[PDB]
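A.B. asks: Just passing along the structure, written as structure tokens.
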Protein chains: 6
Amino acid sequence: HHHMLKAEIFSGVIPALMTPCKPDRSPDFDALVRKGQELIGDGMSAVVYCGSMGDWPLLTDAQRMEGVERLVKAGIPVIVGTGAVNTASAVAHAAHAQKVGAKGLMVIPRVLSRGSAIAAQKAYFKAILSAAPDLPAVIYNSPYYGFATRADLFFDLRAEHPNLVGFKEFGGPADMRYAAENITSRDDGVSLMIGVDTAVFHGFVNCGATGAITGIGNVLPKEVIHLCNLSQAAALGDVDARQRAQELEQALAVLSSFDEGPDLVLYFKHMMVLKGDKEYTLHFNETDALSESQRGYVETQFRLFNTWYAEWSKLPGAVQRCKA
Amino acid sequence: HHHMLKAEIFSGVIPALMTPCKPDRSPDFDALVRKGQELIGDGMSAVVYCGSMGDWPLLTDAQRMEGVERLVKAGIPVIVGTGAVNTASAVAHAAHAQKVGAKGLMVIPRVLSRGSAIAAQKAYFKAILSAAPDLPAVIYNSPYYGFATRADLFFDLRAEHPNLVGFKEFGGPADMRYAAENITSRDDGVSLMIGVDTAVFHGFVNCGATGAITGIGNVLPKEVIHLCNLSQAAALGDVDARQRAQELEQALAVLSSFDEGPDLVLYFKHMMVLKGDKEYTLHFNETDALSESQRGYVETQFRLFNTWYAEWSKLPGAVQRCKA
Amino acid sequence: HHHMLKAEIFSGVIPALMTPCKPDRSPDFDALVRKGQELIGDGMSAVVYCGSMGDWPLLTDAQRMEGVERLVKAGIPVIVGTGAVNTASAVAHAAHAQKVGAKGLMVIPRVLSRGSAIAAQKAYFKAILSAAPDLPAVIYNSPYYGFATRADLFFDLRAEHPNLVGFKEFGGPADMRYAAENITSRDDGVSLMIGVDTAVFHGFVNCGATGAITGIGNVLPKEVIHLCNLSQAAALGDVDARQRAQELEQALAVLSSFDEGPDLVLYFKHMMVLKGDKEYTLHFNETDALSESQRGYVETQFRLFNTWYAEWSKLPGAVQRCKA
Amino acid sequence: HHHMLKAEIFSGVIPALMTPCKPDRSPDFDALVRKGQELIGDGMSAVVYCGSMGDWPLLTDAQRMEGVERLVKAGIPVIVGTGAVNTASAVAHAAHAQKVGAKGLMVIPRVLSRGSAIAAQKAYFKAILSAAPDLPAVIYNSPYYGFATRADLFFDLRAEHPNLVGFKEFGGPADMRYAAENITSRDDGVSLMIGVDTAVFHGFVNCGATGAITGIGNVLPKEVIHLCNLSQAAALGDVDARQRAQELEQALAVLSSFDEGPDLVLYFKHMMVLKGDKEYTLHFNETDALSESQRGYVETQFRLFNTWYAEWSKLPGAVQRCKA
Amino acid sequence: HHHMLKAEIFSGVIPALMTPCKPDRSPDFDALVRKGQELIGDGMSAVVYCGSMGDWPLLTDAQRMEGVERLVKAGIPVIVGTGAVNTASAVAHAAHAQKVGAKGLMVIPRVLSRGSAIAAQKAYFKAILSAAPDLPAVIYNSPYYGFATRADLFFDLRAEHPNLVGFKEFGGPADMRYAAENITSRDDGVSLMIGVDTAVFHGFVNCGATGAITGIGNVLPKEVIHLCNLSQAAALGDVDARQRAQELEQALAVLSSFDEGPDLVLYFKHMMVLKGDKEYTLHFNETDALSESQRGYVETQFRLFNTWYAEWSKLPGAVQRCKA
Amino acid sequence: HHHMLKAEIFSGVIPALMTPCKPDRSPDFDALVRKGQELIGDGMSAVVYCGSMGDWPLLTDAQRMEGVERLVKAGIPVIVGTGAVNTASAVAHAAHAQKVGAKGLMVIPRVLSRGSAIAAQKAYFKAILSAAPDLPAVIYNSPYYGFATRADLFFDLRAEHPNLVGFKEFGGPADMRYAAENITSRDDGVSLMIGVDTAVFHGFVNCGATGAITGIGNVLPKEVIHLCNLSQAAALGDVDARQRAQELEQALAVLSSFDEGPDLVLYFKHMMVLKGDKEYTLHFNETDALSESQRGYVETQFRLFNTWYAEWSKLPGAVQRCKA
């Protein structure tokens with residue numbers, strides 16, 4: 001029985017990048033790289049590409065791999081998303097990640113064909129893990145797939161695939177607790193990663209999370225790093241940070257809750273536009289757009305949060321200590 | 001595409017009035033008018049009559065209309081409740097509201113006959129709206145009716161009935177969020193109204209509500225206005241009010257939660273009696289009364305809240321700024 | 001401990017009558033009486049008036065009582081529906097039933113005010129039962145009311161109100177079984193009544209029901225009596241009837257299932273029109289009507305059932321023995 | 001208001017074809033065409049390609065279109081499946097269907113990106129319908145997508161897209177009834193199609209279905225046509241067929257129920273192998289295979305059904321009249 | 001990979017015996033043995049003692065073991081129930097079963113302490129299986145325990161404990177199908193046992209069951225054997241038996257459904273009394289008794305079933321062929 | 001109608017004691033008494049023995065009674081747990097409690113035999129209460145039993161059994177509110193007891209609880225007394241305590257939540273070991289142990305809470321006023 005360091009690539013704050021559109025609605029890879037570099041410069045530790053935030057279903061496999069290569073060539077630590085329509089595609093993403101020197105793998109379950117069958121999932125995960133043996137890997141778990149990776153399966157996979165060192169949960173606080181209690185609190189180098197924007201405090205403080213993959217953090221990087229830092233200080237036992245982390249998470253809650261729904265890319269791209277990044281204006285599908293009411297709601301809530309934060313962020317104590 | 005002012009009648013804090021009984025268990029209209037005048041004097045903006053709080057099912061249509069006329073003649077801004085056993089009655093309430101110069105209409109869904117049929121509801125709402133074309137109207141939405149008014153129906157009604165300018169939700173925070181995101185955050189003068197006592201902070205801060213119809217506010221008007229003011233200041237981005245509004249809402253939560261259940265009129269009338277308004281002693285039905293345990297519970301919780309509030313309400317800062 | 005005969009008024013097949021409209025959309029009482037007389041002549045044992053099938057919420061209390069008096073004066077055994085917006089109305093229906101010599105009382109729970117409170121229901125049932133002490137009474141039980149009358153309450157009511165001798169269940173086969181096991185299979189003269197059109201076989205054979213209140217039986221009286229007779233012969237142990245009752249119930253199932261939904265009066269009145277009773281054309285509300293697709297569906301299913309029945313009803317054995 | 005003939009392409013019995021593998025696990029188009037021709041020769045009216053039964057997610061868009069072209073060139077009436085990872089792909093399938101002269105379009109909802117958003121679905125369906133204006137189209141509806149096409153949306157689409165003439169339901173008997181009552185029983189040429197193998201009798205007799213898309217029918221074409229014929233004769237009012245259709249559906253129920261689950265292609269391809277079609281041995285994914293217990297179960301149930309059918313199919317009357 | 005015969009002890013029809021009371025409410029072991037011998041003489045293959053039907057929680061461990069020894073000494077094949085308050089007791093039952101020469105073991109999950117923990121269940125099952133290595137063993141699976149034994153656990157246990165050769169399901173038709181598909185249809189000698197009285201046809205015909213443990217069969221042995229024989233003939237492909245088995249199961253359904261509920265021993269002991277076995281009059285607890293209504297219901301349903309059966313059982317064909 | 005003092009034995013903070021093991025895995029009664037004395041010395045008011053925390057199912061009745069006698073002889077106020085496999089055992093525990101001079105009775109519902117039958121529960125509770133007429137008694141209520149004691153049953157029992165003076169709820173905040181509103185807020189000396197570790201603030205402040213039975217309090221007595229004192233001061237109306245009680249409850253929430261699950265004794269005994277009480281190392285079952293991940297999780301959360309508390313507990317105001 002062994003004690004091992006957790007994988008550095010799954011620590012800290014990690015945006016799942018959006019893919020900006022050129023005016024012709026093809027990917028603007030230059031703008032992708034610029035945003036990635038900017039977010040690392042703001043204090044992010046790595047990025048995830050191409051995930052749901054990156055519009056993976058709307059892009060070809062070649063386009064995703066080009067985006068991955070461009071990010072890696074720029075010196076950005078990349079965790080590669082393996083979401084796919086089939087095993088061959090998922091494997092290809094993983095093989096390409098290892099080939100080009102990405103630093104991590106996000107292993108996404110099988111969809112559309114045998115989605116609920118646990119035997120199918122086991123084989124699919126093994127195929128993906130086998131294709132990038134040298135890359136630390138995190139498995140995504142969500143009720144969306146009609147199945148759950150439990151401890152038995154996780155440890156069976158890990159016994160055959162030593163690169164499986166992480167677990168990322170979308171499915172709610174109770175599911176994250178299940179993971180912390182039964183999977184990720186061994187001695188042995190396995191990390192729980194926060195996998196939805198609304199679960200940051202719960203993940204770091206109540207579940208021993210090592211890192212957070214963020215949607216809203218693409219828009220509000222300094223504020224999301226601030227929350228993550230406060231939450232990590234709270235996990236050390238700090239009194240002041242534990243209060244402050246909760247205040248900030250609650251103020252962020254509406255804008256973070258867009259990460260939970262179908263329109264996450266619509267909402268987050270519109271927020272990028274609101275803060276002056278016009279390249280986030282168009283979507284890959286010509287008719288994908290927020291409604292008039294949805295745009296008004298997000299604009300109102302964006303303004304509210306920015307106003308609150310402008311004053312709250314001046315408070316002495318943990319608020320200052322934990323800034324990015 | 002237009003920007004328009006929200007209807008003033010659906011702004012601020014608005015009690016849904018109880019109908020006091022005379023000793024013979026007929027309505028005491030004089031006492032109704034006195035309470036209405038008092039609550040406006042305390043800082044309420046309008047009243048709702050005759051709603052569920054007013055015991056509408058227990059009163060004749062003529063009695064409700066008499067109460068409405070008496071309130072209007074006294075100079076009180078009245079939003080008229082159209083709850084009814086049938087379309088003809090609901091229409092009559094609406095027509096009477098317009099005739100006598102009430103300022104708003106609360107449009108209540110069809111019950112008892114075709115309650116779950118959305119085609120029935122659409123026609124019923126159109127009949128009611130058509131009967132008071134000059135009065136701003138709010139539609140009530142609750143899971144109790146076995147159906148939900150969604151954005152499609154709301155906007156279809158509004159296209160034919162320009163007086164439909166409001167939406168009032170009973171069904172929980174998620175339903176209120178649905179309404180804010182998809183219905184009430186357009187540019188065009190439509191208001192979300194808080195429609196249950198426990199949802200005040202969530203409505204104003206997270207959902208952009210313009211006003212609150214209140215049950216507990218009949219009993220604790222100054223305290224409920226205080227909460228609404230704090231919540232509205234929080235919606236401006238204030239740090240201190242956002243903390244204080246939540247403290248007050250939590251202290252009020254038990255007494256507000258009676259608004260959620262079948263015995264709301266029993267509980268609220270007994271609270272009116274506790275604060276010295278003896279005309280709230282009797283109910284229209286001779287056997288409707290709280291149990292011994294229910295009376296003890298409410299008395300204990302009333303005393304608790306009053307004790308807490310007496311000291312908390314002296315705190316400096318937003319607490320003082322936002323008093324009625 | 002006693003053995004007593006079940007109340008004759010709650011035996012056999014009992015239509016819950018529709019209220020036909022005159023062209024001005026007021027009740028056609030003459031047509032009501034003609035239909036009642038016709039259905040008794042077809043083999044029905046009694047009628048229920050004014051129930052949900054009779055559009056009670058759309059009619060005034062005076063109109064319902066006029067319909068009741070007219071039926072009673074014609075010599076028809078009447079079970080009076082006490083559905084009401086309030087206790088005073090429900091009591092008035094019951095008092096009027098006893099005054100005019102109706103033969104039974106259908107006791108309907110409280111709605112709109114304190115609907116889910118069991119203390120309210122107990123008091124409401126006692127008020128109604130007390131108002132017609134001389135009339136055998138059946139309590140209606142349905143999940144629609146947000147509460148269930150269980151054995152404890154039923155027997156407590158019966159101890160104070162000896163006229164409570166029946167139980168009518170809308171809520172599904174399991175609820176009917178609960179009633180048979182725990183309420184209606186004592187020695188003591190209490191009857192289970194089938195209370196939804198789709199539960200006839202289950203009620204008579206599996207639950208020991210004594211009678212059936214029917215919606216579809218207004219339209220297809222001979223066929224519904226045939227099913228009830230077959231089911232009762234099956235309850236004697238007959239082999240052939242037990243097979244045949246199930247075949248007929250299954251063939252009737254679509255048309256019977258309209259009794260389960262909000263549009264029951266729409267569907268059943270349209271079926272009355274299809275068989276040539278034009279006085280069932282209009283509804284009390286001008287806009288209540290089946291859609292084009294709903295009319296097509298019912299017409300197709302009506303024709304199907306009539307075609308099947310025309311041949312099936314010629315079969316030898318229990319089919320012939322059990323005809324009305 | 002108009003009466004119009006239902007589209008012939010959506011009548012009768014229609015297998016959703018499996019894509020056989022060559023030994024190299026690429027599609028065997030020759031074997032696909034041979035099976036299609038054989039099934040039409042057995043009595044099937046049309047085929048669906050490439051649906052879930054055809055392993056669409058595992059095949060490239062070019063491969064699906066090649067299969068479609070090969071079937072069409074062979075003279076087989078083809079309904080084209082538009083299942084896709086994105087709008088551009090779904091549109092391409094539809095455009096290709098129209099280009100090559102397929103006879104119908106199966107319109108499959110959006111997945112993976114905005115799957116639950118009804119605004120997204122509406123736009124997606126319009127894009128697909130617009131791409132093949134000349135082809136009769138059926139929309140698939142299933143709870144799997146996190147949304148339901150109701151009558152409002154269906155009729156809104158149909159008003160702009162006259163080729164939308166069909167509705168196919170996976171979601172259970174109640175959902176099929178909803179469709180029959182509210183969508184497909186107008187006068188106007190719209191067809192309900194049975195969309196899961198276990199719902200044949202319910203669709204034809206209780207819901208007025210015009211045709212059935214079948215999985216198990218690829219394996220047992222004569223037996224599935226027999227059931228469909230019996231069910232259609234039952235829908236005419238036949239007594240004997242109504243009994244026999246139900247006996248056959250019940251005997252077929254286990255083998256049909258595999259159509260409901262994730263392993264449908266595994267189970268049905270293994271059944272094809274059992275009846276001597278070795279080209280159905282391999283799957284596109286090397287590790288997709290039934291377990292030892294699953295193979296034993298299906299083999300046992302296949303043998304059972306064949307034994308029962310061998311004798312039952314000799315019975316006189318409707319059994320003989322309704323054979324393929 | 002191996003083919004092996006299923007264990008004979010888990011084939012056929014097997015009553016779970018009631019423990020009759022002496023007048024002092026201690027067990028009447030003499031009467032227990034007499035009933036066991038009688039039921040084997042009627043055609044039962046084995047018995048289960050002491051299960052829930054045997055009132056295990058009400059008896060001491062020593063009493064259960066005495067009953068087991070007495071049955072075994074009489075020459076009756078006994079499957080021993082290991083239900084227990086703790087591991088030590090469950091192990092003791094198993095060890096005693098092996099010591100005295102019982103023929104099988106019914107392995108019952110852990111309760112009261114760590115009931116929902118799957119790690120606890122695994123260890124508990126291993127402890128029980130290890131204590132009787134020479135006895136074929138069946139694991140009971142029910143939602144009552146807050147957990148389910150799936151294929152993974154079953155096969156893991158079986159790999160370490162070769163005596164685990166059976167699976168018994170209480171939890172409904174879908175759970176029994178899961179077991180047939182994934183656990184019990186391998187080549188390798190594992191048996192599915194019907195474990196609730198209402199699932200006989202479904203188990204034998206749809207799920208490949210080898211045997212049935214019965215409650216109602218203690219009361220109606222010849223009739224339950226008749227149903228089991230008909231169901232087994234139906235599983236061979238017989239047409240007539242498949243019809244008849246379903247008719248008999250449906251006629252038996254009410255009396256069988258008592259096996260599903262908390263009062264099973266109350267209902268079944270009262271039925272034993274009705275057929276003249278007075279030693280089934282008393283229960284171990286002085287106040288455990290059916291209510292007046294429950295006794296009336298069961299008496300009515302017992303009489304109904306006996307009357308139906310008396311005539312139905314004379315029918316020619318499979319009815320005669322399959323009698324005990 | 002009377003006002004009466006609540007029973008002192010059900011006031012304050014009351015650990016449900018663990019039973020430590022000797023190395024041979026028999027109970028260490030000496031260590032049990034030492035811990036009981038220590039916890040009373042820390043500020044606890046009484047103890048509960050032998051409850052679920054005490055491993056009751058794993059111990060003989062004689063062992064539990066020995067533990068009870070030893071605690072009572074030591075001068076510790078004991079509330080005796082009556083959890084049992086049958087009525088005779090439960091009665092024996094109660095009779096023994098009264099015989100030896102325990103101060104209270106915890107009345108636990110019937111399990112394993114007729115668990116869901118309310119008639120069985122009523123009789124079982126009466127048997128237990130009758131056996132210790134002189135001891136104040138609290139009934140435990142939990143969804144785990146498949147039934148709920150409501151006000152009707154509680155007051156019926158209390159009318160026949162004047163020693164029934166308490167109610168203890170496991171089932172969640174809404175169930176505790178139901179109890180406060182309808183059972184425990186009469187004038188008449190009935191106490192609500194907090195019955196799960198996570199419900200302390202809600203019980204004292206929102207529900208008028210008089211005492212708390214605690215699991216985590218065995219490990220963290222001073223901290224749990226601190227929370228209870230703060231919560232009781234909050235129930236007086238204190239502003240500062242109401243804030244502080246909630247901060248402490250939230251910091252304690254993870255460690256308290258182990259009380260909600262199957263592994264409560266595993267988690268709490270391991271925490272006792274962590275604070276240096278080695279006699280809590282072994283469990284009665286040799287294989288009952290936390291997993292590696294569960295041990296890591298609890299150790300991390302224990303350390304976190306202790307670190308936070310070390311600093312938070314120095315704060316001025318209510319924090320200091322309310323220390324044990």
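Residue numbers start at 1 in each chain; chains themselves are named A, B, ... in the order of the structure tokens; ligands are numbered from 1 in the order shown.
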Report as a list in words all protein, DNA and RNA residues lying within 7 Å of stretch 302-314 of chain D, evaluated on only C-alpha atoms, omitting residues in the same chain fewer than 6 positions from it.
C.D. replies: residues 251 and 252 of chain D; 235, 236, 237, 238 and 239 of chain E
A.B. asks: Would you save the residues from that selection as a short mmCIF file (atom, residue, chain, number, x, y, z; two decimals), in the first residue's frame, using C-alpha atoms?
C.D. replies:
data_model
loop_
_atom_site.label_atom_id
_atom_site.label_comp_id
_atom_site.auth_asym_id
_atom_site.auth_seq_id
_atom_site.Cartn_x
_atom_site.Cartn_y
_atom_site.Cartn_z
CA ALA D 251 -45.95 -14.53 -27.26
CA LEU D 252 -43.68 -12.07 -29.05
CA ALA E 235 -42.13 -22.99 -21.33
CA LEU E 236 -41.83 -26.03 -23.65
CA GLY E 237 -43.84 -24.13 -26.26
CA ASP E 238 -47.26 -25.60 -25.61
CA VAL E 239 -50.08 -23.43 -26.94
#
A.B. asks: So that I can check the surroundings of residue B:181, please list as a list in words every protein, DNA and RNA residue that reaches within 7 Å of it, counting only C-alpha atoms and ignoring chain neighbours fewer than 3 positions away.
C.D. replies: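 Here the answer would be residues 293, 294 and 297 of chain A; 177, 178, 184 and 185 of chain B.
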A.B. asks: Please report as number ranges by chain which residues of chain E come no farther than 12 Å from chain A, using only C-alpha atoms.
C.D. replies: E: 117-119, 150-153, 156, 182
A.B. asks: Between atom CA of residue E:264 and atom CA of residue F:140, what is the distance, to one decimal in Å?
C.D. replies: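 Result for atom CA of residue E:264 versus atom CA of residue F:140: 25.7 Å, one decimal.
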A.B. asks: Stretch 160-170 of chain D: which residues within 8 Å, counting only C-alpha atoms, same-chain residues fewer than 6 positions away excluded, as a ChimeraX atom specification?
C.D. replies: /D:6-7,10,126,129-130,133-143,176,179,184,189-196
A.B. asks: Residues as selected, N, CA and C atoms, written as a PDB file, in the first residue's frame, can you do that?
C.D. replies:
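Dumped to again.pdb:
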ATOM      1  N   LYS D   6     -53.601   9.738 -46.130  1.00  0.00           N
ATOM      2  CA  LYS D   6     -52.350   9.539 -45.412  1.00  0.00           C
ATOM      3  C   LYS D   6     -51.242   9.109 -46.382  1.00  0.00           C
ATOM      4  N   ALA D   7     -49.987   9.384 -46.025  1.00  0.00           N
ATOM      5  CA  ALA D   7     -48.881   9.137 -46.938  1.00  0.00           C
ATOM      6  C   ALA D   7     -48.645   7.629 -46.983  1.00  0.00           C
ATOM      7  N   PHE D  10     -45.780   5.737 -45.115  1.00  0.00           N
ATOM      8  CA  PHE D  10     -45.863   5.491 -43.671  1.00  0.00           C
ATOM      9  C   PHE D  10     -46.926   4.462 -43.270  1.00  0.00           C
ATOM     10  N   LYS D 126     -37.134  22.325 -38.182  1.00  0.00           N
ATOM     11  CA  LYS D 126     -37.382  23.155 -39.376  1.00  0.00           C
ATOM     12  C   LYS D 126     -36.252  23.052 -40.395  1.00  0.00           C
ATOM     13  N   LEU D 129     -36.627  19.552 -42.075  1.00  0.00           N
ATOM     14  CA  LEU D 129     -37.794  19.477 -42.951  1.00  0.00           C
ATOM     15  C   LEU D 129     -37.605  20.290 -44.229  1.00  0.00           C
ATOM     16  N   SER D 130     -36.994  21.474 -44.096  1.00  0.00           N
ATOM     17  CA  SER D 130     -36.701  22.403 -45.191  1.00  0.00           C
ATOM     18  C   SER D 130     -35.745  21.787 -46.182  1.00  0.00           C
ATOM     19  N   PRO D 133     -38.098  19.051 -48.783  1.00  0.00           N
ATOM     20  CA  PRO D 133     -39.479  19.531 -48.855  1.00  0.00           C
ATOM     21  C   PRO D 133     -40.412  18.582 -49.580  1.00  0.00           C
ATOM     22  N   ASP D 134     -39.864  17.775 -50.478  1.00  0.00           N
ATOM     23  CA  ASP D 134     -40.661  16.887 -51.325  1.00  0.00           C
ATOM     24  C   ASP D 134     -40.894  15.521 -50.681  1.00  0.00           C
ATOM     25  N   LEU D 135     -40.252  15.250 -49.551  1.00  0.00           N
ATOM     26  CA  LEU D 135     -40.359  13.906 -48.943  1.00  0.00           C
ATOM     27  C   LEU D 135     -41.280  13.959 -47.753  1.00  0.00           C
ATOM     28  N   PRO D 136     -42.295  13.074 -47.708  1.00  0.00           N
ATOM     29  CA  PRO D 136     -43.103  12.919 -46.509  1.00  0.00           C
ATOM     30  C   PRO D 136     -42.199  12.667 -45.310  1.00  0.00           C
ATOM     31  N   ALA D 137     -42.510  13.284 -44.178  1.00  0.00           N
ATOM     32  CA  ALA D 137     -41.635  13.233 -43.044  1.00  0.00           C
ATOM     33  C   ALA D 137     -42.370  12.825 -41.786  1.00  0.00           C
ATOM     34  N   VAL D 138     -41.710  12.021 -40.974  1.00  0.00           N
ATOM     35  CA  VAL D 138     -42.235  11.599 -39.693  1.00  0.00           C
ATOM     36  C   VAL D 138     -41.290  12.106 -38.582  1.00  0.00           C
ATOM     37  N   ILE D 139     -41.825  12.722 -37.518  1.00  0.00           N
ATOM     38  CA  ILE D 139     -40.977  13.118 -36.396  1.00  0.00           C
ATOM     39  C   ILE D 139     -41.028  12.056 -35.360  1.00  0.00           C
ATOM     40  N   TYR D 140     -39.842  11.713 -34.875  1.00  0.00           N
ATOM     41  CA  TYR D 140     -39.679  10.778 -33.785  1.00  0.00           C
ATOM     42  C   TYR D 140     -39.783  11.547 -32.457  1.00  0.00           C
ATOM     43  N   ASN D 141     -40.490  10.935 -31.512  1.00  0.00           N
ATOM     44  CA  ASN D 141     -40.686  11.487 -30.163  1.00  0.00           C
ATOM     45  C   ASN D 141     -40.356  10.413 -29.123  1.00  0.00           C
ATOM     46  N   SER D 142     -39.475  10.737 -28.180  1.00  0.00           N
ATOM     47  CA  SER D 142     -38.999   9.795 -27.160  1.00  0.00           C
ATOM     48  C   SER D 142     -38.558  10.567 -25.919  1.00  0.00           C
ATOM     49  N   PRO D 143     -38.835  10.023 -24.714  1.00  0.00           N
ATOM     50  CA  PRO D 143     -38.358  10.647 -23.469  1.00  0.00           C
ATOM     51  C   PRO D 143     -36.839  10.716 -23.370  1.00  0.00           C
ATOM     52  N   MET D 176     -48.490   7.439 -26.598  1.00  0.00           N
ATOM     53  CA  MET D 176     -49.097   7.127 -27.902  1.00  0.00           C
ATOM     54  C   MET D 176     -50.575   7.562 -27.908  1.00  0.00           C
ATOM     55  N   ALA D 179     -50.786  11.276 -28.378  1.00  0.00           N
ATOM     56  CA  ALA D 179     -50.624  11.564 -29.814  1.00  0.00           C
ATOM     57  C   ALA D 179     -51.896  11.263 -30.620  1.00  0.00           C
ATOM     58  N   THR D 184     -52.851  12.990 -34.204  1.00  0.00           N
ATOM     59  CA  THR D 184     -52.947  12.205 -35.426  1.00  0.00           C
ATOM     60  C   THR D 184     -54.332  11.733 -35.900  1.00  0.00           C
ATOM     61  N   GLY D 189     -54.622  13.962 -43.051  1.00  0.00           N
ATOM     62  CA  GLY D 189     -53.551  13.186 -43.657  1.00  0.00           C
ATOM     63  C   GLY D 189     -52.328  12.938 -42.806  1.00  0.00           C
ATOM     64  N   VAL D 190     -52.442  13.095 -41.489  1.00  0.00           N
ATOM     65  CA  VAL D 190     -51.338  12.870 -40.581  1.00  0.00           C
ATOM     66  C   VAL D 190     -51.443  11.453 -40.013  1.00  0.00           C
ATOM     67  N   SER D 191     -50.317  10.733 -39.989  1.00  0.00           N
ATOM     68  CA  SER D 191     -50.247   9.313 -39.587  1.00  0.00           C
ATOM     69  C   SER D 191     -49.502   9.148 -38.278  1.00  0.00           C
ATOM     70  N   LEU D 192     -50.063   8.345 -37.386  1.00  0.00           N
ATOM     71  CA  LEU D 192     -49.301   7.844 -36.245  1.00  0.00           C
ATOM     72  C   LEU D 192     -48.609   6.542 -36.635  1.00  0.00           C
ATOM     73  N   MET D 193     -47.315   6.453 -36.336  1.00  0.00           N
ATOM     74  CA  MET D 193     -46.530   5.268 -36.642  1.00  0.00           C
ATOM     75  C   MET D 193     -46.093   4.645 -35.343  1.00  0.00           C
ATOM     76  N   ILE D 194     -46.266   3.342 -35.243  1.00  0.00           N
ATOM     77  CA  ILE D 194     -45.769   2.611 -34.088  1.00  0.00           C
ATOM     78  C   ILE D 194     -44.255   2.637 -34.123  1.00  0.00           C
ATOM     79  N   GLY D 195     -43.631   2.981 -32.994  1.00  0.00           N
ATOM     80  CA  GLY D 195     -42.202   3.218 -32.992  1.00  0.00           C
ATOM     81  C   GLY D 195     -41.398   2.403 -32.011  1.00  0.00           C
ATOM     82  N   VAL D 196     -42.040   1.438 -31.376  1.00  0.00           N
ATOM     83  CA  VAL D 196     -41.359   0.459 -30.550  1.00  0.00           C
ATOM     84  C   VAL D 196     -42.077  -0.873 -30.728  1.00  0.00           C
TER      85      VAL D 196
END
A.B. asks: Between atom CA of residue B:277 and atom CA of residue B:23, what is the distance, to one decimal in Å?
C.D. replies: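 Separation of atom CA of residue B:277 and atom CA of residue B:23: 13.8 Å.
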A.B. asks: For atom CA of residue F:226 and atom CA of residue F:17, determine how far apart the two atoms are, in Å to one decimal place.
C.D. replies: 19.0 Å
A.B. asks: Set the distance at 6 Å and use only C-alpha atoms: which residues neighbour stretch 42-47 of chain C once local chain neighbours fewer than 2 positions away are removed? I'd like the list as a list in words.
C.D. replies: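 Returned residues: residues 12, 13, 14, 15, 16, 39, 40, 77 and 78 of chain C.
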A.B. asks: Could you pull out the helix (DSSP H, G or I) residues of stretch 34-279 of chain D from DSSP and send them as a PyMOL selection string?
C.D. replies: chain D and resi 34-42+52-54+56-58+61-73+87-100+118-131+143-145+151-160+173-182+197-206+216-218+221-235+239-251+253-260+264-274+278-279
A.B. asks: Can you list, as a PyMOL selection string, all residues belonging to stretch 12-66 of chain E that DSSP tags as strand (DSSP E)?
C.D. replies: chain E and resi 12-15+47-49
